[PDB]
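All values below were derived from every heavy atom in this structure, side-chain atoms included, with hydrogens, water molecules and symmetry-related copies excluded. Here is how names work: the chains are called A, B, and so on, in the same order as the sequence lines, proteins then strands, and each is numbered from 1.
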Amino acid sequence: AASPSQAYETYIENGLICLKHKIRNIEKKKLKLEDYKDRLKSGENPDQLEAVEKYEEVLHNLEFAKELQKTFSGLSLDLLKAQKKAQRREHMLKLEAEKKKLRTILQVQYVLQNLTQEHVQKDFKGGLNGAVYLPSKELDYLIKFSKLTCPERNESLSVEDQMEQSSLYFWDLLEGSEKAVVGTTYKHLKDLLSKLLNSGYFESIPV
Amino acid sequence: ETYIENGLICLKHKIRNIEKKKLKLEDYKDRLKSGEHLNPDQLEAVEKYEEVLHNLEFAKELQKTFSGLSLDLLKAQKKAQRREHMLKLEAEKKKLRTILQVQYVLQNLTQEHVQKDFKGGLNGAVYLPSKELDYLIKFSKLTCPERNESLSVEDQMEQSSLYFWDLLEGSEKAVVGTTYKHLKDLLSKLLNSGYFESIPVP
């Protein structure tokens, strides 16, 4: 249970305490080597003698490590705010798409609602009054699907139950997947409805 | 500085930089043993050889850890993306079903005989004072308007979709003399009333 932000936050924090732990570990052996140095200076094994030679290496490694630590400790917000900004822009783009998806569902609903009507179906069957001709097979997909998305009120179902079933059909249709439905696919139906939406037929429908 | 690769602190470029200087210094040293004569600057760089070897081993040790932090971060982001996508998908399917429900209610509130039931609490209807019912009627004109051929279908649907969105959000922004919050509450009351499970026929 964590968001993409707190993950990156945990990564930045884990990086800083990483340098802290590494610097403290270098400084620990520096003090261990400085005690090995003062032991021989006052007058006092071979293996240890090998460690005291790396005192310059250990001291230089500490110079680099403290350099990165001060750099990254300030460089945090440069990569941390860039993350916050990139997430904000991401969320807004997704919000936009969500709002546009809702508009699209309502447009499609409007087409499917009118396709339940007899005079509208006859127009697409005969290619009449500005409708695009649909072969009887194609028109049947839309009629059948209009009964799944715009059913007449079925009082044996609860409102909530009926709305949920209709909502799933609108959702899958918008997904345009290859799943099967009323003898075709959602993808085919999403294309059919696009043509109908762009045909201009549904801009004004007589009585 | 170029320590960053896709937002992650990566010393890889510095490691290959240090390694290139190590190979360049190893070449200078071999040309020395063979008998070549180098300008003074190159002679100085040759004395920095052991330091370069130490820096390389230290940088390589740091990359061993920063690569793990990078892997741990990527693993966590994969999980968090999956979780967020899951929740947001279920929240969207729920919002849409809710939208279809309130749409059904608001579309039925345009009918006058249904307004009459809520005026006096007739049948299964919640009694609403006429000001409360007015809020809903005016809102029903914004969410379920009669077709306005001055507008395209797309433009009309866009207008309507915003009112549904702001309704479900339930903010305090003003609309038809009340707020989306209060409207959301009224419509929740109407949904829980059961009146719209079986609308009476006049």
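- Listed by chain and residue number, nothing satisfies the salt bridge (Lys or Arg N to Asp or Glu O under 4.0 Å) test with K79(B) (two or more places apart in sequence, or in another chain).
- A ring pair (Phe, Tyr, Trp, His ring centres under 6.0 Å) check over residues 85-126 of chain A, counting only residues at least two apart or in different chains, returns the pairs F124(A)-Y201(A), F124(A)-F202(A).
- Of all non-hydrogen atoms in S3(A) and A80(B), the two that sit nearest each other are C-CB, 3.8 Å.
- Taking 4.5 Å as the limit, some side-chain heavy atom of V176(B) sits within range of a side-chain heavy atom of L183(B).
- Between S70(B) and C10(B) the shortest side-chain heavy-atom distance does not fall below 4.5 Å.
- In this structure, the side chain of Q77(B) does not engage the main chain of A7(A) through any donor-acceptor pair within 3.5 Å.
- When atom types are taken as modelled, the side chain of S160(B) and the backbone of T143(B) share a donor-acceptor pair closer than 3.5 angstrom.
- Two residues are said to be in side-chain contact when any heavy atoms from C-beta on lie closer than 4.5 Å; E146(B) and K141(B) fail this criterion.
- Sparse packing is recorded around CD of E57(B), with 12 or fewer heavy atoms of other residues, nucleotides or ligands lying under 6.0 Å away.
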request  = Please assess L43(B) against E47(B) for the test side-chain contact (heavy atoms from CB on, under 4.5 Å), listing each intermediate value before the final yes or no.
outcome  = CA-CA 7 Å; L43(B) 257 302; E47(B) 217 212 311; over 6 Å; no
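- Classification of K122(A) and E118(A) as a salt-bridged pair holds, one side-chain N sitting under 4.0 Å from a carboxylate O.
- Salt-bridge annotation for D185(B) and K181(B): present, with a side-chain N of the basic residue lying under 4.0 Å from a carboxylate O of the acidic one.
- Minimum interatomic distance between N108(B) and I199(B) (heavy atoms only, all atoms of both residues): OD1-CD1, 3.2 Å.
- Shown here is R89(A), whose CZ atom has no more than 12 heavy atoms of other residues, nucleotides or ligands within 6.0 Å.
- Nearest heavy atom pair, residue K21(B) against residue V52(B), reads CE-CG2, 3.6 Å.
- Using modelled atom types, no side-chain atom of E203(A) and backbone atom of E149(B) make a donor-acceptor pair closer than 3.5 Å.
- Between the side chains of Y55(A) and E34(A), a donor-acceptor pair is found at a separation under 3.5 Å.
- Taking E57(A) as the reference, nothing meets the side-chain hydrogen bond (donor to acceptor under 3.5 Å, both in side chains) condition, with sequence neighbours excluded.
- Side-chain contact between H188(A) and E138(A): present, with at least one pair of heavy atoms (C-beta onward) separated by less than 4.5 Å.
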key: From CA spacing to verdict: side-chain contact (heavy atoms from CB on, under 4.5 Å), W165(B), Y180(B)   = CA-CA 10 Å; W165(B) 185 274; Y180(B) 293 100; over 6 Å; no
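- A 4.5 Å side-chain heavy-atom check between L192(A) and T184(A) finds every atom pair outside the cut-off.
- Remark: the backbone N or O of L173(A) is not paired with any side-chain donor or acceptor of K190(A) at under 3.5 angstrom.
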message = Could you go through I12(A) and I9(B), starting from their C-alpha distance and side-chain angles, then the distance that decides it, and tell me whether this counts as side-chain contact (heavy atoms from CB on, under 4.5 Å)?
response = CA-CA 9 Å; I12(A) 262 53; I9(B) 309 179; 5.9 Å; no
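- The CD atom of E96(A) sits 10.0 Å away from atom CE of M92(A), with the distance rounded to the nearest 0.5 Å.
- Taking CG of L32(B) as the reference point, atom NE2 of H37(B) lies at 10.0 Å (rounded to 0.5 Å).
- Heavy atoms only, all atoms of each residue included: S146(A) and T116(A) are closest at OG-CG2, 3.6 Å.
- Note that CG of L59(A) is 4.5 Å distant from NZ of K30(A), once rounded to the nearest 0.5 Å.
- Across every non-hydrogen atom of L112(A) and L142(A), the tightest pair is CD2-O, 4.2 Å.
- The salt bridge (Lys or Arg N to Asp or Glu O under 4.0 Å) search around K22(A) returns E61(B), not counting sequence neighbours.
- Applying the side chain to side chain contact (heavy atoms under 4.5 Å, CB included) criterion to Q107(A), with sequence neighbours excluded, gives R103(A), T104(A), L197(A), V153(B), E154(B), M157(B).
- Using a 4.5 Å cut-off on side-chain heavy atoms (C-beta onward), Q103(B) and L100(B) make contact.
- Between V102(B) and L190(B), the closest side-chain pair of non-hydrogen atoms is not below 4.5 Å.
- Looking at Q63(B), its side chain does come within 3.5 Å of a backbone N or O of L11(B) through a donor-acceptor pair.
- In plain terms, the two heavy atoms of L25(B) and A45(B) that are nearest each other are CD2-O, 3.2 Å.
- Proximity of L16(A) to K20(A): side-chain heavy atoms (C-beta onward) are nowhere separated by under 4.5 Å.
- We find the CD1-CG distance between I205(A) and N129(A) to be 11.5 Å, quoted to the nearest 0.5 Å.
- Atom CG of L62(A) and atom CZ of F58(B) lie 8.0 Å apart (nearest 0.5 Å).
- When the side-chain hydrogen bond (donor to acceptor under 3.5 Å, both in side chains) test is applied to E13(A), no partner is found at least two apart in sequence or on another chain.
- Between the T65(B) side chain and the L62(B) main chain, no donor and acceptor come within less than 3.5 Å of each other.
- The NZ atom of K179(A) sits 5.0 Å away from atom CG of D172(A), with the distance rounded to the nearest 0.5 Å.
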inquiry  = Is there a salt bridge (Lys or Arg N to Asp or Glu O under 4.0 Å) between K94(A) and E92(B)? Walk through the geometry before answering.
reply    = CA-CA 12 Å; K94(A) 287 189 165 235; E92(B) 286 185 54; over 6 Å; no
query = What do the steps show when you test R88(A) against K84(A) for side-chain contact (heavy atoms from CB on, under 4.5 Å), and what is the final call?
reply = CA-CA 6 Å; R88(A) 291 193 297 274; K84(A) 288 302 234 62; 3.3 Å; yes
